[PDB]
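Note: the block below is work.pdb and it holds PDB, C-alpha atoms and all ligand atoms.
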ATOM      1  CA  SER A   1     114.862 101.105  16.829
ATOM      2  CA  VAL A   2     117.174 102.494  19.449
ATOM      3  CA  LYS A   3     114.201 104.384  20.919
ATOM      4  CA  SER A   4     112.182 101.189  21.415
ATOM      5  CA  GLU A   5     115.285  99.536  22.815
ATOM      6  CA  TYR A   6     115.468 102.372  25.352
ATOM      7  CA  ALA A   7     111.806 101.899  26.326
ATOM      8  CA  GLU A   8     112.590  98.221  26.946
ATOM      9  CA  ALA A   9     115.556  99.262  29.084
ATOM     10  CA  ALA A  10     113.345 101.732  30.957
ATOM     11  CA  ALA A  11     110.966  98.879  31.792
ATOM     12  CA  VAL A  12     113.741  96.659  33.159
ATOM     13  CA  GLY A  13     114.848  99.604  35.295
ATOM     14  CA  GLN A  14     111.309 100.071  36.635
ATOM     15  CA  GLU A  15     111.221  96.363  37.523
ATOM     16  CA  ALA A  16     114.246  96.996  39.714
ATOM     17  CA  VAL A  17     112.417  99.942  41.283
ATOM     18  CA  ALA A  18     109.470  97.733  42.226
ATOM     19  CA  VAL A  19     111.654  94.909  43.556
ATOM     20  CA  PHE A  20     113.737  97.427  45.521
ATOM     21  CA  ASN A  21     110.685  98.792  47.325
ATOM     22  CA  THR A  22     109.499  95.273  48.163
ATOM     23  CA  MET A  23     113.015  94.599  49.467
ATOM     24  CA  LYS A  24     113.020  97.759  51.619
ATOM     25  CA  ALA A  25     109.750  96.687  53.255
ATOM     26  CA  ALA A  26     111.134  93.200  53.951
ATOM     27  CA  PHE A  27     114.313  94.678  55.468
ATOM     28  CA  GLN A  28     112.309  96.930  57.781
ATOM     29  CA  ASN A  29     110.209  93.911  58.788
ATOM     30  CA  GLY A  30     113.286  91.777  59.497
ATOM     31  CA  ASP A  31     112.415  89.148  56.835
ATOM     32  CA  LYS A  32     116.026  88.376  55.935
ATOM     33  CA  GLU A  33     115.170  85.334  53.813
ATOM     34  CA  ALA A  34     113.018  87.549  51.591
ATOM     35  CA  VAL A  35     115.699  90.224  51.459
ATOM     36  CA  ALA A  36     118.290  87.685  50.290
ATOM     37  CA  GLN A  37     116.076  86.623  47.393
ATOM     38  CA  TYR A  38     115.210  90.224  46.417
ATOM     39  CA  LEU A  39     118.906  91.169  46.417
ATOM     40  CA  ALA A  40     119.636  88.292  44.020
ATOM     41  CA  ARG A  41     116.717  89.380  41.800
ATOM     42  CA  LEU A  42     117.968  92.980  41.822
ATOM     43  CA  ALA A  43     121.509  91.942  40.875
ATOM     44  CA  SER A  44     120.096  90.209  37.806
ATOM     45  CA  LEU A  45     117.941  93.217  36.895
ATOM     46  CA  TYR A  46     120.817  95.680  37.207
ATOM     47  CA  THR A  47     123.120  93.452  35.151
ATOM     48  CA  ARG A  48     120.433  93.350  32.449
ATOM     49  CA  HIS A  49     119.816  97.113  32.617
ATOM     50  CA  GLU A  50     123.549  97.853  32.369
ATOM     51  CA  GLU A  51     123.882  95.656  29.274
ATOM     52  CA  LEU A  52     120.882  97.241  27.503
ATOM     53  CA  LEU A  53     122.249 100.698  28.310
ATOM     54  CA  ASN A  54     125.654  99.847  26.830
ATOM     55  CA  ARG A  55     124.073  98.611  23.608
ATOM     56  CA  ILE A  56     122.000 101.803  23.377
ATOM     57  CA  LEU A  57     125.072 103.988  23.934
ATOM     58  CA  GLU A  58     127.102 102.039  21.382
ATOM     59  CA  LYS A  59     124.268 102.360  18.857
ATOM     60  CA  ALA A  60     123.894 106.104  19.399
ATOM     61  CA  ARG A  61     127.675 106.378  18.831
ATOM     62  CA  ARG A  62     127.490 104.412  15.574
ATOM     63  CA  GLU A  63     124.551 106.637  14.482
ATOM     64  CA  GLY A  64     126.535 109.830  15.186
ATOM     65  CA  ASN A  65     123.825 111.077  17.578
ATOM     66  CA  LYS A  66     126.117 113.372  19.525
ATOM     67  CA  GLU A  67     123.518 114.692  21.931
ATOM     68  CA  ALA A  68     122.261 111.215  22.758
ATOM     69  CA  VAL A  69     125.840 110.030  23.325
ATOM     70  CA  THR A  70     126.521 112.926  25.715
ATOM     71  CA  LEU A  71     123.387 112.229  27.766
ATOM     72  CA  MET A  72     123.990 108.456  27.769
ATOM     73  CA  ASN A  73     127.603 108.917  28.911
ATOM     74  CA  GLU A  74     126.329 111.023  31.830
ATOM     75  CA  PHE A  75     123.585 108.511  32.551
ATOM     76  CA  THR A  76     125.886 105.470  32.381
ATOM     77  CA  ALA A  77     128.345 107.111  34.776
ATOM     78  CA  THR A  78     125.576 107.656  37.339
ATOM     79  CA  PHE A  79     124.392 104.061  36.827
ATOM     80  CA  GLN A  80     127.844 102.912  37.972
ATOM     81  CA  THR A  81     127.528 104.970  41.170
ATOM     82  CA  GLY A  82     124.279 103.148  41.894
ATOM     83  CA  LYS A  83     125.886  99.797  41.116
ATOM     84  CA  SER A  84     128.694 100.564  43.576
ATOM     85  CA  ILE A  85     126.259 101.577  46.307
ATOM     86  CA  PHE A  86     124.146  98.505  45.561
ATOM     87  CA  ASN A  87     127.142  96.195  45.789
ATOM     88  CA  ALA A  88     128.070  97.810  49.117
ATOM     89  CA  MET A  89     124.512  97.191  50.335
ATOM     90  CA  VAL A  90     124.799  93.509  49.389
ATOM     91  CA  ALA A  91     128.059  93.264  51.337
ATOM     92  CA  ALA A  92     126.457  94.947  54.355
ATOM     93  CA  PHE A  93     123.713  92.337  54.262
ATOM     94  CA  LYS A  94     126.219  89.475  54.080
ATOM     95  CA  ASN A  95     128.114  90.966  57.037
ATOM     96  CA  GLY A  96     125.012  91.577  59.183
ATOM     97  CA  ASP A  97     125.643  95.347  59.326
ATOM     98  CA  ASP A  98     122.117  96.749  59.390
ATOM     99  CA  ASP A  99     123.409 100.270  60.020
ATOM    100  CA  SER A 100     125.437 100.269  56.795
ATOM    101  CA  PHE A 101     122.552  98.582  54.961
ATOM    102  CA  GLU A 102     120.119 101.339  56.011
ATOM    103  CA  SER A 103     122.580 104.051  54.919
ATOM    104  CA  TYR A 104     123.317 102.588  51.490
ATOM    105  CA  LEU A 105     119.582 102.019  50.939
ATOM    106  CA  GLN A 106     118.735 105.726  51.322
ATOM    107  CA  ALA A 107     121.784 106.653  49.232
ATOM    108  CA  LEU A 108     120.652 104.394  46.398
ATOM    109  CA  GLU A 109     117.164 105.918  46.597
ATOM    110  CA  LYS A 110     118.584 109.436  46.300
ATOM    111  CA  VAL A 111     121.053 108.595  43.520
ATOM    112  CA  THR A 112     118.153 107.035  41.600
ATOM    113  CA  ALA A 113     115.780 109.960  42.124
ATOM    114  CA  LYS A 114     118.457 112.404  40.952
ATOM    115  CA  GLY A 115     119.104 110.543  37.695
ATOM    116  CA  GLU A 116     115.477 110.620  36.564
ATOM    117  CA  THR A 117     115.316 113.942  34.717
ATOM    118  CA  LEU A 118     118.221 112.696  32.588
ATOM    119  CA  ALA A 119     116.536 109.323  32.067
ATOM    120  CA  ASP A 120     113.553 111.200  30.639
ATOM    121  CA  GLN A 121     115.898 113.363  28.526
ATOM    122  CA  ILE A 122     117.426 110.328  26.810
ATOM    123  CA  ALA A 123     113.960 109.089  25.844
ATOM    124  CA  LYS A 124     113.431 112.352  23.977
ATOM    125  CA  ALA A 125     116.891 112.457  22.426
ATOM    126  CA  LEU A 126     117.371 109.076  20.732
TER     127      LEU A 126
HETATM  128  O1  LIG B   1     118.676  99.652  37.159
HETATM  129  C1  LIG B   1     118.112 100.660  37.638
HETATM  130  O2  LIG B   1     117.713 101.615  36.951
HETATM  131  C2  LIG B   1     117.901 100.722  39.096
HETATM  132  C3  LIG B   1     118.255  99.790  40.073
HETATM  133  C4  LIG B   1     117.853 100.275  41.294
HETATM  134  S1  LIG B   1     117.999  99.614  42.868
HETATM  135  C5  LIG B   1     117.176 101.076  43.452
HETATM  136  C6  LIG B   1     116.842 101.973  42.450
HETATM  137  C7  LIG B   1     117.263 101.455  41.199
HETATM  138  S2  LIG B   1     117.075 102.200  39.674
END

Kindly transcribe the structure held in the file into C-alpha cells.
Amino acid sequence: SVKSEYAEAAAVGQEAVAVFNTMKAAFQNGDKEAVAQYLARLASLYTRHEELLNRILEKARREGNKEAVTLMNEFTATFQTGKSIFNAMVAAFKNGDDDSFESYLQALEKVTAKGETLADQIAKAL
C-alpha cells in the first residue's frame, strides 16, 4: 500500500539521520576520511528517499487523495531545500571551507527539524 511504502521511505530517511549525526561527530573530530565516506553514503540515501517520495506523491495523485497530495507537495518542496543545502555542504568539504561546512550543517539540521510535523502528517493522511 502507499502507507507501507511511506513507512519504508520514513526508514530510509531515518538512516540518513543516523549517518548524518555520525558524520557531524567525525567532522568535529577532524576525521576527513570518515566524513568523505559518510557524505557519499548520505548522497545515496537522499537519492533513494527522493525517489520513494516521488512514487508516493504520484500514487496519491493517481488515487485522487487530495489532502495527501497537498501535504506531499509541501514536503517534497522542503526536501529540495535540504538537498540544495546538502549539496552546498558537499562542495564546502571538497573546497576545504570548514566555515561554510559548519554553517550548512546547522542549516540542514534546522530544515530537517522543521519538516517533521509534516512528515508525521503524511503518515496519517495516506
Ligand atoms: O532524506 C532525509 O529525510 C534526510 C537527509 C538528511 S541529511 C540531515 C538530515 C536529513 S533528513

Quick one: residues within 6 Å of ligand LIG 1 (chain B), with all atoms listed in the file, as a VMD selection string?
chain A and resid 13 16 to 17 20 46 49 108 to 109 112

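Between residue 33 of chain A and the candidates A:93, A:79, A:56, A:48, the tightest atom-to-atom separation, counting all atoms listed in the file, involves A:93.
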
Residues selected by the PyMOL selection byres (((chain A and resi 67-77) around 7) and not hetatm), written as a tab-separated table (two decimals) with C-alpha atoms, in the frame of the given file:
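Below you can see result16.tsv, which holds the result:
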chain	number	residue	atom	x	y	z
A	57	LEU	CA	125.07	103.99	23.93
A	60	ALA	CA	123.89	106.10	19.40
A	61	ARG	CA	127.68	106.38	18.83
A	65	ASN	CA	123.82	111.08	17.58
A	66	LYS	CA	126.12	113.37	19.52
A	78	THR	CA	125.58	107.66	37.34
A	79	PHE	CA	124.39	104.06	36.83
A	80	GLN	CA	127.84	102.91	37.97
A	81	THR	CA	127.53	104.97	41.17
A	118	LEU	CA	118.22	112.70	32.59
A	122	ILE	CA	117.43	110.33	26.81
A	125	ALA	CA	116.89	112.46	22.43
A	126	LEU	CA	117.37	109.08	20.73

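For the pair atom CA of residue 111 of chain A and atom CA of residue 85 of chain A, the separation is 9.2 Å.
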
Could you name the residues that touch segment 98-101 of chain A at 10 Å or less, counting only C-alpha atoms, but leaving out those on the same chain fewer than 6 positions away, as a count of residues only?
10

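Across A:41, A:32, A:3, A:114, the tightest approach to residue 59 of chain A is made by A:3 when counting only C-alpha atoms.
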
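Proximity of A:105, A:51, A:82, A:58 to residue 21 of chain A, computed with all atoms listed in the file, is greatest for A:105.
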
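Distance annotation: of A:104, A:10, A:96, A:18, the residue with the minimal separation from residue 36 of chain A is A:96; atom set is only C-alpha atoms.
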